[PDB]
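What follows is one structure encoded as structure tokens, with my remarks underneath.
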Amino acid sequence: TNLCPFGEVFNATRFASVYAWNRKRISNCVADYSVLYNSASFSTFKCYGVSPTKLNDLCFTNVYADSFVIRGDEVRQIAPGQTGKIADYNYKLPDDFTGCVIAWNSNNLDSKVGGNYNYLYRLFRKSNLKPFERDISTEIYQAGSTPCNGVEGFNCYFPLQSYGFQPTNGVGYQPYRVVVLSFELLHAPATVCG
Amino acid sequence: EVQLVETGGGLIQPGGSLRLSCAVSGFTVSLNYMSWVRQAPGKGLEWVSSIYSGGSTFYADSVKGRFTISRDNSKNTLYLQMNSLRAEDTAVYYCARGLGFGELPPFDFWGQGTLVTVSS
């Protein structure tokens with residue numbers, strides 16, 4: 001009884017870029033995790049911390065929904081203690097990650113003809129991002145000694161680049177809409193289970 | 001201008017070790033995208049390893065673990081401490097800077113080349 005709908009995230013119309021990922025704070029409602037487990041419409045389903053089947057008997061305080069789309073070959077880079085391009089420059093996971101990440105192929109609704117320019121991913125940064133960090137920045141990157149702000153050329157690099165997603169792409173170069181659920185535990189009581 | 005220094009060729013044996021160096025001008029080794037590539041007779045422009053600007057490193061299949069990547073921030077130069085090699089490492093290794101990505105990252109620069117002589 002008294003369900004709250006979660007279809008505005010998994011069945012959402014449109015996502016955002018990886019460096020502009022959204023967060024959806026969820027509390028004081030009812031989860032239906034067995035349905036999304038038995039959906040069997042996702043190519044990747046790794047649920048860290050707990051067993052994916054018998055997790056339904058335990059519920060936590062808060063769940064934050066994070067949504068982004070990546071290429072089909074960096075799907076292994078979303079993991080605790082894992083390096084890579086987007087792992088170290090777009091989305092960093094904590095080492096003691098107990099969350100739950102879901103990924104599936106999404107070329108047939110987002111990869112139109114000629115590629116889509118609506119998604120941007122960060123290339124250059126001084127160091128690796130901290131775990132659970134967002135960078136909402138359009139700053140041109142400085143890759144040398146001369147200042148790089150309002151100027152282009154050598155070492156004045158734009159850190160954000162688009163994605164080329166043609167319908168004739170191979171299995172390793174397809175847009176995968178990736179959603180991850182972060183589980184929170186604190187002195188506040190658990191709220192979301194049923 | 002960007003200059004490149006490839007030195008470290010010499011009489012080497014498999015299982016042993018030596019040291020390799022790459023020197024650059026303009027940008028800095030600890031902040032740009034560098035990638036190691038090699039050329040051998042009977043072999044193409046074979047990618048070796050790469051270092052990321054955030055501190056992470058990545059190698060190929062046959063060179064991971066044995067080799068290590070090294071760099072000095074203030075010296076603006078890069079190092080390859082070749083350790084515990086094999087006989088099949090006879091090649092010419094080139095230092096380069098990867099711009100983007102692909103099968104190999106696009107290198108706007110090529111090293112001057114040093115030929116590894118694994119011979120006893």
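Chain labels follow the order of the structure tokens: the first chain is A, the next B, and so on; residue numbering restarts at 1 in every chain, and ligands are counted from 1 in their shown order.
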Tell me, as a PDB file with N, CA, C and O atoms, in the first residue's frame, which residues lie within 7 Å of residue 167 of chain A, counting only C-alpha atoms; anything in the same chain fewer than 3 positions away does not count.
```pdb
ATOM      1  N   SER A 111      21.249   7.328 -29.954  1.00  0.00           N
ATOM      2  CA  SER A 111      22.265   7.376 -31.005  1.00  0.00           C
ATOM      3  C   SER A 111      21.555   7.517 -32.347  1.00  0.00           C
ATOM      4  O   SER A 111      21.244   6.531 -33.015  1.00  0.00           O
ATOM      5  N   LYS A 112      21.303   8.760 -32.743  1.00  0.00           N
ATOM      6  CA  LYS A 112      20.665   9.047 -34.017  1.00  0.00           C
ATOM      7  C   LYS A 112      21.723   9.093 -35.119  1.00  0.00           C
ATOM      8  O   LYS A 112      22.881   8.720 -34.915  1.00  0.00           O
ATOM      9  N   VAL A 113      21.329   9.548 -36.307  1.00  0.00           N
ATOM     10  CA  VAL A 113      22.231   9.543 -37.452  1.00  0.00           C
ATOM     11  C   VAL A 113      23.278  10.641 -37.292  1.00  0.00           C
ATOM     12  O   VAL A 113      22.964  11.780 -36.924  1.00  0.00           O
TER      13      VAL A 113
END
```
Select from chain B every residue with an atom at most 12 Å from any atom of chain A, then for each give the shortest pair of atoms and their distance in Å to one decimal, using only C-alpha atoms, rows by chain and rising number, as CSV.
```
residue,atom,partner,partner_atom,distance
B:1,CA,A:154,CA,10.4
B:2,CA,A:154,CA,11.0
B:24,CA,A:144,CA,11.9
B:25,CA,A:144,CA,10.0
B:26,CA,A:144,CA,6.8
B:27,CA,A:144,CA,4.4
B:28,CA,A:144,CA,6.6
B:29,CA,A:144,CA,9.9
B:30,CA,A:126,CA,9.0
B:31,CA,A:126,CA,6.5
B:32,CA,A:143,CA,6.4
B:33,CA,A:124,CA,8.5
B:50,CA,A:84,CA,11.3
B:51,CA,A:84,CA,10.8
B:52,CA,A:85,CA,8.6
B:53,CA,A:126,CA,6.4
B:54,CA,A:127,CA,3.7
B:55,CA,A:127,CA,6.6
B:56,CA,A:83,CA,7.0
B:57,CA,A:83,CA,8.5
B:58,CA,A:84,CA,8.5
B:59,CA,A:84,CA,11.8
B:76,CA,A:144,CA,11.2
B:97,CA,A:155,CA,11.9
B:98,CA,A:123,CA,11.8
B:99,CA,A:157,CA,10.0
B:100,CA,A:123,CA,8.5
B:101,CA,A:123,CA,10.2
B:102,CA,A:173,CA,10.8
B:108,CA,A:154,CA,11.4
```
*asked:* With DSSP run on the backbone, what are the alpha helix (DSSP H) residues within segment 5-186 of chain A? I'd like them as a list in words.
replied: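 After running DSSP on the backbone, segment 5-186 of chain A has alpha helix (DSSP H) at residues 7, 8, 9, 10, 33, 34, 35, 36, 37, 85, 86, 87, 88, 89, 107, 108, 109 and 110 of chain A.
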*Do you know which residues are at most 7 Å from segment 77-94 of chain B counting only C-alpha atoms, after dropping those on the same chain fewer than 5 positions away, and could you put them as a PyMOL selection string?*
chain B and resi 14-24+29+36-40+66-72+110-118
Write a file of the selected residues as an mmCIF file, in the first residue's frame, keeping C-alpha atoms.
```cif
data_model
loop_
_atom_site.group_PDB
_atom_site.id
_atom_site.type_symbol
_atom_site.label_atom_id
_atom_site.label_comp_id
_atom_site.auth_asym_id
_atom_site.auth_seq_id
_atom_site.Cartn_x
_atom_site.Cartn_y
_atom_site.Cartn_z
ATOM 1 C CA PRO B 14 66.527 -10.475 -20.886
ATOM 2 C CA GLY B 15 65.468 -10.547 -17.257
ATOM 3 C CA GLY B 16 67.774 -7.658 -16.327
ATOM 4 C CA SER B 17 67.084 -3.954 -16.224
ATOM 5 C CA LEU B 18 68.082 -0.505 -17.442
ATOM 6 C CA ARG B 19 66.598 2.999 -17.483
ATOM 7 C CA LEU B 20 64.985 5.078 -20.236
ATOM 8 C CA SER B 21 64.386 8.837 -20.385
ATOM 9 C CA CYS B 22 62.173 11.218 -22.364
ATOM 10 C CA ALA B 23 62.722 14.984 -22.226
ATOM 11 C CA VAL B 24 60.223 17.571 -23.445
ATOM 12 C CA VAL B 29 55.266 15.818 -18.149
ATOM 13 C CA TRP B 36 54.575 5.205 -24.845
ATOM 14 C CA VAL B 37 54.763 3.695 -28.338
ATOM 15 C CA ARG B 38 57.282 1.456 -30.092
ATOM 16 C CA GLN B 39 58.296 0.353 -33.585
ATOM 17 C CA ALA B 40 60.040 -2.939 -34.355
ATOM 18 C CA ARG B 66 57.371 -5.706 -15.233
ATOM 19 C CA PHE B 67 57.776 -2.128 -16.461
ATOM 20 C CA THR B 68 57.133 0.931 -14.327
ATOM 21 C CA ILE B 69 56.443 4.531 -15.317
ATOM 22 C CA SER B 70 58.391 7.396 -13.766
ATOM 23 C CA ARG B 71 58.375 11.170 -14.056
ATOM 24 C CA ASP B 72 59.899 14.202 -12.357
ATOM 25 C CA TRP B 110 57.249 11.454 -32.568
ATOM 26 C CA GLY B 111 60.329 10.518 -30.598
ATOM 27 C CA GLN B 112 63.801 10.474 -32.078
ATOM 28 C CA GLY B 113 63.878 6.729 -31.380
ATOM 29 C CA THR B 114 66.264 4.476 -29.479
ATOM 30 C CA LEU B 115 66.718 0.861 -30.553
ATOM 31 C CA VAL B 116 66.607 -1.714 -27.756
ATOM 32 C CA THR B 117 69.350 -4.303 -28.286
ATOM 33 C CA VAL B 118 68.422 -7.353 -26.231
#
```
*Excluding residue 105 of chain A and any residue of its chain fewer than 5 positions from it, enumerate the residues within 9 Å of it, using only C-alpha atoms, and give them as a ChimeraX atom specification.*
/A:42-44,72,174-178
*When you draw a straight line from atom CA of residue 181 of chain A to atom CA of residue 47 of chain A, how long is it in Å?*
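These atoms are spaced 8.9 Å apart.
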*Could you check how far atom CA of residue 48 of chain B sits from atom CA of residue 76 of chain A, in Å to one decimal?*
21.6 Å
*asked:* Going by DSSP on the backbone, which residues of chain A come out as strand (DSSP E or B)? List them as a ChimeraX atom specification.
replied: /A:22-26,44-46,62-71,100-105,121-122,141-142,153,156-157,160-161,175-184
